[PDB]
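Visitor: Sequence plus experimental coordinates follow:
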Amino acid sequence: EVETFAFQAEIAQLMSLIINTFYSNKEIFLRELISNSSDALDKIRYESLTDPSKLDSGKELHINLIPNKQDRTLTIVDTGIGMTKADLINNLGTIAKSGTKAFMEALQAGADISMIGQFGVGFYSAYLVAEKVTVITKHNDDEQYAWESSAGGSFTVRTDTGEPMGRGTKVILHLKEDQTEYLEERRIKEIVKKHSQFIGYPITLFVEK
Ligand SMILES: Nc1nccn2c(NCc3ccccc3)c(Cc3cc4c(cc3Br)OCO4)nc12
């Protein structure tokens with residue numbers, strides 16, 4: 001059962017800008033997704049202090065980076081708080097609308113795309129390198145969902161039948177054909193060292209073959 005939803009105009013506009021603007025410093029997408037993961041990990045950790053049962057779905061708090069050259073995907077996996085269906089369909093949109101408006105304005109106080117994370121919409125920088133983004137997510141007390149969008153003004157949400165995750169979020173970046181450098185081990189290592197050196201959770205870069 002696949003449901004299809006329209007983005008609000010503001011977010012559709014932001015995604016178009018990110019896809020259509022000439023901007024060479026694309027590597028910042030990874031910093032933004034890892035930062036999101038760290039925030040999600042902070043949240044489940046904090047909640048677990050008052051309710052330890054919230055870690056029954058997995059006690060390990062980490063981030064894995066998984067390149068797959070055959071699929072042409074880079075996946076950012078975390079065991080953070082995860083997202084509910086209401087998050088994916090309603091709440092994200094509400095938050096993202098205001099953040100987009102501010103970011104658009106700031107871009108006309110001369111700001112540059114690399115400051116996107118300060119407006120809470122850093123996720124969408126994924127579209128600097130990805131033609132399609134699939135997000136698999138599992139929050140305690142809700143089902144596992146797959147969100148997906150190739151931009152163009154719509155996204156889908158479905159109940160996910162893949163491998164159960166326990167708790168957390170996987171962001172699967174289906175890379176543009178000219179952005180395959182982000183599947184290379186030394187390139188990913190370079191970016192993590194440069195932008196994400198002090199994240200307070202283990203980041204494991206998986207290797208390939
Ligand atoms: N790795 C993550 N784990 C948990 C929540 N996450 C969010 N959402 C924070 C949030 C939730 C509800 C309301 C407001 C903010 C994003 C960031 C994110 C993830 C997305 C997305 C848009 C955004 Br912003 O569309 C598909 O997935 N990444 C994560």
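Guide: Looks like it came in fine. Numbers count the residues shown, from 1 in each chain.

Visitor: Quick one: name the residues of the protein near the ligand.
Guide: 36-37, 40, 78, 80-83, 87, 91-92, 95-96, 121, 123, 135, 147, 169 (CB under 6 Å from any ligand atom). Bear in mind the C-beta positions are built from the backbone N, C-alpha and C, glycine included.

Visitor: measure the most far-flung residue of the chain relative to its centre to residue 44 for me?
Guide: Distance from the C-alpha centroid of the chain, by CA atoms, centre = their mean, peaks at residue 50 (27.0 Å). Here residue 50 is placed at a distance of 12 Å from residue 44 (CB to CB, to the nearest Å).

Visitor: got the contact list for the closest residue to residue 114 other than its chain neighbours?
Guide: Once flanking residues are discounted, residue 114 sits nearest to residue 28: 5.1 Å by CB to CB, 6 or more residues apart in numbering. Residues in contact with residue 28, defined by CB atoms under 8 Å, 6 or more residues apart in numbering, are 113, 114, 116, 125, 128, 195.

Visitor: what are the ranges of the strands in this protein?
Guide: Using DSSP state E, the strands of the chain run over residues 2-6, 63-68, 73-78, 130-138, 144-149, 154-159, 168-175, 203-205.

Visitor: Mean neighbour count added to these, as a markdown table?
Guide: Shown next, in a markdown table, are the strands of the chain (neighbours: other CB atoms under 10 Å):
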| stretch | mean neighbour count |
| --- | --- |
| strand 2-6 | 11 |
| strand 63-68 | 20 |
| strand 73-78 | 22 |
| strand 130-138 | 21 |
| strand 144-149 | 20 |
| strand 154-159 | 16 |
| strand 168-175 | 23 |
| strand 203-205 | 14 |
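
Visitor: my guess is residue 207 contacts residue 184, does it?
Guide: No: with contact defined as CB atoms under 8 Å, residue 207 does not reach residue 184; the gap is 10.5 Å.

Visitor: neighbour count winner among these two?
Guide: Shown here are residue 207 and residue 184; by other CB atoms under 10 Å, residue 184 has more neighbours (13 against 9).

Visitor: For that one, give me its contacts.
Guide: By CB under 8 Å, 6+ apart, the neighbours of residue 184 are residue 67.

Visitor: Distance of the nearest residue to residue 121 once chain neighbours are set aside relative to residue 66?
Guide: In this structure, residue 121 finds its nearest non-sequential neighbour in residue 99, 4.4 Å apart by CB to CB, 6+ apart. Distance from residue 99 to residue 66, counting by CB to CB: 28 Å.
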